[PDB]
């Protein structure tokens, strides 16, 4: 996915952020991150769906192999990095590198298990969910290395029947869920230095876990492999 490094606009302006993929088959989600150490917020998912708590100045569209986030009447509080997410024929969740919006002229997911680990060790993260019918929604894990963007770790269907993994962890990761205890778990074996970062629990909107349909995010838990 290709999105611009940065865009600029003055308050009240209409700003657009594009995200281009390898075909016209898949859709787009847009995830606002106000600082590198903060949980993302979904502003648009499945091309043009807007969560009810997101201001109506956010809208989305898709044309051919490109998705576009439009903020009509941008405000200072919208200054953030916006990540686009999608999928392709090989991977259920892929992400662009993030677009920094500069403004000129100025459901609970609870992760634990982070910590320090040696290379070759194994990580066990747990996300405790509340405030919704957990067993009805696909769930997943997204990570972010220091100074880098969002990356797919693992996703699992509502009933646990299907799972998939990001390329960098495939063969080492296992995702599971307990629909009685309303929790999803990540096991990551043979840890490498490149596995350190913040790991976020995330919820699918209900349409089926993809990089473009995430509608809720946890607070993150930090993993350091050294």
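Residue numbers count along the first chain shown, from 1.
Peer 1: In the deposited sequence, how many residues between residue 106 and residue 107 have no modelled coordinates (none, 1 to 3, 4 to 9, 10 or more)?
Peer 2: Going from residue 106 to residue 107, the model skips 10 or more residues of the deposited sequence.
Peer 1: For the higher mean C-alpha B factor in the entry, choose 155-163 or 35-43.
Peer 2: It is 35-43.
Peer 1: Compare the mean C-alpha B-factor of 113-121 with that of 144-152 as given in the PDB entry, and name the stretch with the higher value.
Peer 2: The entry gives the higher C-alpha B-factor average to 113-121.
Peer 1: Hey, out of 136, 75, 86, 90, whose CA B-factor is highest in the deposited coordinates?
Peer 2: The record points to 90.
Peer 1: Highest recorded C-alpha temperature factor, please, choosing from 70, 176, 52, 198.
Peer 2: Spelled out: the listed residue with the top C-alpha B-factor is 52.
Peer 1: What third of the chain, by the recorded C-alpha B-factor, contains residue 59?
Peer 2: Lowest third, going by the recorded CA B-factors of the chain.
Peer 1: Quick one: classify residue 98 as lowest, middle or highest third of the chain based on its Cα B-factor.
Peer 2: Lowest third.
Peer 1: Which third of the chain holds residue 211 when residues are ordered by C-alpha B factor: lowest, middle or highest?
Peer 2: Answer is lowest: the recorded C-alpha B-factor places it there.
Peer 1: Would the CA B-factor of residue 20 place it in the lowest, middle or highest third of its chain?
Peer 2: For residue 20, whose C-alpha B-factor we compare with every modelled residue in the chain, the answer is the highest third.
Peer 1: Considering only modelled residues of the same chain, in which third does the CA B-factor of residue 11 rank: lowest, middle or highest?
Peer 2: Tercile = middle for this residue's CA B-factor.
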